[PDB]
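K.L.:
I'm passing along upload-v6.pdb; it holds PDB, C-alpha atoms.
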```
ATOM      1  CA  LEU A   1       1.981  -9.166 -36.605
ATOM      2  CA  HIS A   2       5.335  -7.519 -35.904
ATOM      3  CA  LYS A   3       6.535  -3.948 -35.520
ATOM      4  CA  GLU A   4       9.378  -2.557 -37.589
ATOM      5  CA  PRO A   5      11.474   0.568 -37.241
ATOM      6  CA  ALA A   6      10.940   3.686 -39.302
ATOM      7  CA  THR A   7      12.069   7.318 -39.148
ATOM      8  CA  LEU A   8       9.778  10.325 -39.361
ATOM      9  CA  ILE A   9      10.145  12.389 -42.505
ATOM     10  CA  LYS A  10       7.110  14.631 -42.315
ATOM     11  CA  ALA A  11       3.667  14.684 -40.712
ATOM     12  CA  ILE A  12       1.143  15.422 -43.465
ATOM     13  CA  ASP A  13      -2.348  15.261 -41.980
ATOM     14  CA  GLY A  14      -4.281  13.678 -39.140
ATOM     15  CA  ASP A  15      -4.388  10.337 -40.948
ATOM     16  CA  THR A  16      -1.236  10.468 -43.090
ATOM     17  CA  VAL A  17       2.471  10.620 -42.292
ATOM     18  CA  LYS A  18       5.581  10.348 -44.478
ATOM     19  CA  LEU A  19       8.210   7.939 -43.111
ATOM     20  CA  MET A  20      11.588   6.548 -43.993
ATOM     21  CA  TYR A  21      10.967   2.802 -44.148
ATOM     22  CA  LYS A  22      13.614   0.242 -45.148
ATOM     23  CA  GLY A  23      15.538   3.156 -46.625
ATOM     24  CA  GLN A  24      12.827   4.403 -48.995
ATOM     25  CA  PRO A  25      10.654   7.461 -48.367
ATOM     26  CA  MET A  26       7.004   6.354 -48.181
ATOM     27  CA  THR A  27       3.616   7.839 -47.349
ATOM     28  CA  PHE A  28       1.655   5.887 -44.745
ATOM     29  CA  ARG A  29      -2.157   6.059 -44.292
ATOM     30  CA  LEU A  30      -3.239   5.211 -40.694
ATOM     31  CA  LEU A  31      -5.233   1.950 -40.712
ATOM     32  CA  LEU A  32      -8.858   1.819 -39.487
ATOM     33  CA  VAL A  33      -9.279   5.494 -38.685
ATOM     34  CA  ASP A  34     -10.917   8.457 -40.323
ATOM     35  CA  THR A  35      -9.900  11.921 -39.114
ATOM     36  CA  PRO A  36     -11.420  15.219 -40.196
ATOM     37  CA  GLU A  37      -9.061  16.500 -42.895
ATOM     38  CA  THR A  38      -7.256  19.715 -43.699
ATOM     39  CA  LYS A  39      -6.313  18.680 -47.248
ATOM     40  CA  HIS A  40      -9.211  18.344 -49.719
ATOM     41  CA  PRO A  41     -11.066  21.259 -51.365
ATOM     42  CA  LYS A  42     -14.169  19.022 -51.341
ATOM     43  CA  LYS A  43     -14.916  20.887 -48.122
ATOM     44  CA  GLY A  44     -11.473  22.185 -47.211
ATOM     45  CA  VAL A  45     -10.473  22.319 -43.560
ATOM     46  CA  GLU A  46     -13.171  20.293 -41.835
ATOM     47  CA  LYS A  47     -13.917  20.824 -38.140
ATOM     48  CA  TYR A  48     -11.348  19.247 -35.794
ATOM     49  CA  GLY A  49      -9.087  18.777 -38.796
ATOM     50  CA  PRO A  50      -6.444  21.235 -37.584
ATOM     51  CA  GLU A  51      -6.812  19.624 -34.182
ATOM     52  CA  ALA A  52      -6.439  16.032 -35.365
ATOM     53  CA  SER A  53      -3.499  17.072 -37.474
ATOM     54  CA  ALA A  54      -1.727  18.941 -34.665
ATOM     55  CA  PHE A  55      -2.142  15.905 -32.416
ATOM     56  CA  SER A  56      -0.612  13.347 -34.806
ATOM     57  CA  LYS A  57       2.145  15.808 -35.659
ATOM     58  CA  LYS A  58       3.283  16.380 -32.057
ATOM     59  CA  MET A  59       2.987  12.717 -31.269
ATOM     60  CA  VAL A  60       5.285  11.577 -34.050
ATOM     61  CA  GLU A  61       7.519  14.600 -33.790
ATOM     62  CA  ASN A  62       8.226  14.172 -30.073
ATOM     63  CA  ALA A  63       8.836  10.434 -30.208
ATOM     64  CA  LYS A  64      12.193   8.793 -29.608
ATOM     65  CA  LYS A  65      11.131   5.768 -31.663
ATOM     66  CA  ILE A  66       8.590   5.285 -34.484
ATOM     67  CA  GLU A  67       7.521   1.778 -35.481
ATOM     68  CA  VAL A  68       5.196   0.578 -38.193
ATOM     69  CA  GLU A  69       2.990  -2.483 -37.927
ATOM     70  CA  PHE A  70       1.436  -3.906 -41.131
ATOM     71  CA  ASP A  71      -1.805  -5.898 -40.805
ATOM     72  CA  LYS A  72      -2.581  -9.338 -42.361
ATOM     73  CA  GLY A  73      -4.004  -8.129 -45.688
ATOM     74  CA  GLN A  74      -2.840  -5.785 -48.386
ATOM     75  CA  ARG A  75      -0.149  -3.382 -47.271
ATOM     76  CA  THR A  76      -0.601  -0.536 -49.758
ATOM     77  CA  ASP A  77      -3.702   1.219 -51.073
ATOM     78  CA  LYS A  78      -4.541   2.285 -54.639
ATOM     79  CA  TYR A  79      -2.606   5.550 -54.122
ATOM     80  CA  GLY A  80       0.558   3.767 -53.169
ATOM     81  CA  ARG A  81       0.308   4.572 -49.477
ATOM     82  CA  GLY A  82       1.469   2.032 -46.857
ATOM     83  CA  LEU A  83      -1.449   0.803 -44.724
ATOM     84  CA  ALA A  84      -0.354   0.398 -41.148
ATOM     85  CA  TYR A  85      -0.664   0.883 -37.396
ATOM     86  CA  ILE A  86       1.814   3.573 -36.398
ATOM     87  CA  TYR A  87       3.482   3.528 -32.915
ATOM     88  CA  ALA A  88       5.229   6.508 -31.207
ATOM     89  CA  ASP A  89       7.323   5.277 -28.260
ATOM     90  CA  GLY A  90       5.170   2.175 -27.868
ATOM     91  CA  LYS A  91       1.829   4.007 -28.140
ATOM     92  CA  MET A  92      -0.425   3.446 -31.138
ATOM     93  CA  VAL A  93      -1.173   6.763 -32.845
ATOM     94  CA  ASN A  94      -4.310   5.346 -34.451
ATOM     95  CA  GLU A  95      -5.710   4.427 -31.064
ATOM     96  CA  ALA A  96      -4.739   7.700 -29.412
ATOM     97  CA  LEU A  97      -6.588   9.745 -32.030
ATOM     98  CA  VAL A  98      -9.713   7.703 -31.524
ATOM     99  CA  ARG A  99      -9.396   7.714 -27.734
ATOM    100  CA  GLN A 100      -9.328  11.544 -27.872
ATOM    101  CA  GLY A 101     -12.429  11.868 -30.026
ATOM    102  CA  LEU A 102     -10.264  13.141 -32.865
ATOM    103  CA  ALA A 103     -10.974  10.274 -35.289
ATOM    104  CA  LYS A 104     -13.760   7.767 -35.963
ATOM    105  CA  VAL A 105     -13.218   4.035 -36.635
ATOM    106  CA  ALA A 106     -13.294   3.781 -40.471
ATOM    107  CA  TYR A 107     -15.250   1.307 -42.592
ATOM    108  CA  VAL A 108     -13.368  -1.954 -42.044
ATOM    109  CA  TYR A 109     -11.974  -4.200 -44.755
ATOM    110  CA  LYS A 110     -11.123  -7.760 -43.799
ATOM    111  CA  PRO A 111      -8.579  -9.084 -43.344
ATOM    112  CA  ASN A 112      -7.064  -5.720 -42.371
ATOM    113  CA  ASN A 113      -8.966  -5.588 -39.097
ATOM    114  CA  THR A 114      -6.788  -7.057 -36.336
ATOM    115  CA  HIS A 115      -7.079  -4.034 -34.006
ATOM    116  CA  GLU A 116     -10.709  -3.295 -34.844
ATOM    117  CA  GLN A 117     -12.140  -4.337 -31.448
ATOM    118  CA  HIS A 118      -9.591  -2.389 -29.409
ATOM    119  CA  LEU A 119     -10.235   0.761 -31.406
ATOM    120  CA  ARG A 120     -14.023   0.448 -31.232
ATOM    121  CA  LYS A 121     -13.639   0.179 -27.449
ATOM    122  CA  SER A 122     -11.665   3.418 -27.392
ATOM    123  CA  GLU A 123     -14.179   5.034 -29.660
ATOM    124  CA  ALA A 124     -17.073   4.050 -27.362
ATOM    125  CA  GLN A 125     -15.212   5.591 -24.423
ATOM    126  CA  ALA A 126     -14.527   8.863 -26.253
ATOM    127  CA  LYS A 127     -18.227   9.088 -27.216
ATOM    128  CA  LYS A 128     -19.277   8.449 -23.625
ATOM    129  CA  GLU A 129     -16.854  11.178 -22.514
ATOM    130  CA  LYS A 130     -18.227  13.437 -25.248
ATOM    131  CA  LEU A 131     -14.729  14.377 -26.450
ATOM    132  CA  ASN A 132     -14.123  16.671 -29.437
ATOM    133  CA  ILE A 133     -15.939  15.135 -32.402
ATOM    134  CA  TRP A 134     -18.478  13.671 -29.977
ATOM    135  CA  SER A 135     -19.066  17.007 -28.210
TER
END
```
Let me see whether you can do it: turn the structure in this file into structure tokens.
P.N.:
Amino acid sequence: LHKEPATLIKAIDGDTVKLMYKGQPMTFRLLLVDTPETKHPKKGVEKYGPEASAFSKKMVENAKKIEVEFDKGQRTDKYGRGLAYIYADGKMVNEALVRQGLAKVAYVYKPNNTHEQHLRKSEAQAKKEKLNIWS
């Protein structure tokens, strides 16, 4: 796997960000994580949704560098979103959300599962520390 440069366009939700990638605007969905959402009238603004969303927003907004890392399998989903690990100054946003108890590890689809172990390890720690979602 390799990281590539991208430029923030707009943070959209805890688990979705819009980036400039290879000169085209594109919506990215964060691989392997489920955050509570703000956007979906199914329930509306779930609990910790505003919080997960504020966290991803600040993280990508205050970064000097954003990089995207595609996994080994398909790189877009049925809605046309890029499927990727997102990095803000070297730190994986997907991991940080999970480390903070602001996201769970999603259902995993091989072969898009390279960082699955790492994330599950952070999730176990957040649970143990009873952070946010695990409170």
K.L.:
Quick check on the file I pasted: which residues fall under the PyMOL selection byres ((chain A and resi 74) around 12)? Write them as a PyMOL selection string.
P.N.:
chain A and resi 31+70-73+75-78+80-84+109-113
K.L.:
How about saving the chosen residues, C-alpha atoms kept, as a compact mmCIF listing (two decimals), keeping the file's coordinate frame?
P.N.:
```txt
# COMPACT_ATOMS: atom_id res chain seq x y z
CA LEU A 31 -5.23 1.95 -40.71
CA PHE A 70 1.44 -3.91 -41.13
CA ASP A 71 -1.80 -5.90 -40.80
CA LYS A 72 -2.58 -9.34 -42.36
CA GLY A 73 -4.00 -8.13 -45.69
CA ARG A 75 -0.15 -3.38 -47.27
CA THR A 76 -0.60 -0.54 -49.76
CA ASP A 77 -3.70 1.22 -51.07
CA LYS A 78 -4.54 2.28 -54.64
CA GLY A 80 0.56 3.77 -53.17
CA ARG A 81 0.31 4.57 -49.48
CA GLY A 82 1.47 2.03 -46.86
CA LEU A 83 -1.45 0.80 -44.72
CA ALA A 84 -0.35 0.40 -41.15
CA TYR A 109 -11.97 -4.20 -44.76
CA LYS A 110 -11.12 -7.76 -43.80
CA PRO A 111 -8.58 -9.08 -43.34
CA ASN A 112 -7.06 -5.72 -42.37
CA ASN A 113 -8.97 -5.59 -39.10
```
K.L.:
Residues at most 7 Å from residue 48 in chain A, counting all atoms listed in the file, excluding those fewer than 4 positions away in the same chain, as number ranges by chain?
P.N.:
A: 36, 52, 102
K.L.:
Within 12 Å of residue 118 in chain A, counting only C-alpha atoms, which residues show up once you throw out same-chain ones fewer than 6 positions away? Write them as a ChimeraX atom specification, please.
P.N.:
/A:32,92,94-96,98-99,105,124-125
K.L.:
Do you know which residues the PyMOL selection byres ((chain A and resi 59) around 10) returns on this file, as a list in words?
P.N.:
residues 11, 53, 54, 55, 56, 57, 58, 60, 61, 62, 63, 66, 87, 88, 89, 91, 92, 93 and 96 of chain A
K.L.:
Between CA of residue 25 in chain A and CA of residue 49 in chain A, what is the distance, to one decimal in Å?
P.N.:
24.7 Å
K.L.:
Evaluate the PyMOL selection byres ((chain A and resi 18) around 6) on the structure here and hand back the selected residues as number ranges by chain.
P.N.:
A: 9-10, 17, 19, 26-28
K.L.:
Rank nothing, just name the residue among A:100, A:135, A:7, A:35 nearest to residue 123 in chain A, using only C-alpha atoms.
P.N.:
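Using only C-alpha atoms, the shortest distance to residue 123 in chain A belongs to A:100.
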K.L.:
In Å, how far is it from CA of residue 15 in chain A to CA of residue 116 in chain A?
P.N.:
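Separation of CA of residue 15 in chain A and CA of residue 116 in chain A: 16.2 Å.
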K.L.:
Looking at all atoms listed in the file, which of A:50, A:90, A:101, A:14 is the one that sits closest to residue 69 in chain A?
P.N.:
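Among the listed residues, A:90 lies closest to residue 69 in chain A.
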K.L.:
Pick out the closest residue to residue 46 in chain A from this set: A:131, A:13, A:108, A:115. Count all atoms listed in the file.
P.N.:
A:13
K.L.:
Using all atoms listed in the file, can you tell me which of A:5, A:67, A:21, A:85 comes closest to residue 114 in chain A?
P.N.:
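Smallest distance to residue 114 in chain A is found for A:85.
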K.L.:
Using CA of residue 24 in chain A and CA of residue 1 in chain A as the two end points, give the distance in Å to one decimal.
P.N.:
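Taking CA of residue 24 in chain A and CA of residue 1 in chain A, their separation equals 21.3 Å.
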K.L.:
Return the single residue from A:128, A:86, A:68, A:117 that is closest to residue 2 in chain A, with distances computed using all atoms listed in the file.
P.N.:
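Ranking A:128, A:86, A:68, A:117 by distance to residue 2 in chain A, first place goes to A:68.
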K.L.:
Of the residues A:97, A:16, A:30, A:107, which is the one nearest to residue 126 in chain A, using only C-alpha atoms?
P.N.:
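Using only C-alpha atoms, residue 126 in chain A sits closest to A:97.
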